[PDB]
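Note that each Cβ is placed from the backbone with ideal geometry, even for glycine, and that neighbours are counted across all protein chains shown. Derivation of every value follows stated rules applied to the coordinates shown; laboratory data play no part.
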């Protein structure tokens, strides 16, 4: 799973972030603290058919605002865009949540956008926490 994320601010300046290169390793979670307010996320996700990803936004206190699932269907490369909530201060992607939600032990990588990659596993409780905060 390789995600190309274009975060767009209010005046249309785009910030591109490329999540995974090209760690043919499996499930990951990605967290991004916004350096500025964004209004739109344009994504292109390189994966496999029938994969599902979760994109979650949290406010400045780190609390859940909302999430969307990205469903691949017959497409291995899934493209589209998502509105970013007014109060969003963070984004998170759970990649292939179709796997990790039932097997949270299959997640071995957390990408923190400006504080580096962390190699770790998650039990059911640690995984659930990442969905909510």
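Structure notes:
- Taking 1.002 mPa s as the viscosity and 20 °C as the temperature, the Stokes-Einstein diffusion coefficient of the chain based on its alpha-carbon Kirkwood radius rounds to 144 µm²/s.
- Length released on extending from residue 50 to residue 2, taking residue separation times 0.36 nm less the Cα-Cα span: 15.8 nm
- Taking each residue as 0.36 nm, the span from residue 133 to residue 11 lengthens on full extension beyond its C-alpha to C-alpha distance by 41.0 nm.
- Label-reachable residues, the stretch 83-111, where backbone N falls under 12 Å from a point 7 Å from residue 59's Cα toward its Cβ: 86-89
- The Cα center of the stretch 1-57 and the Cα center of the stretch 87-116 differ in position by 11 Å.
- Distance between the 7 Å Cα→Cβ label points at residue 69 and residue 115: 3.0 nm.
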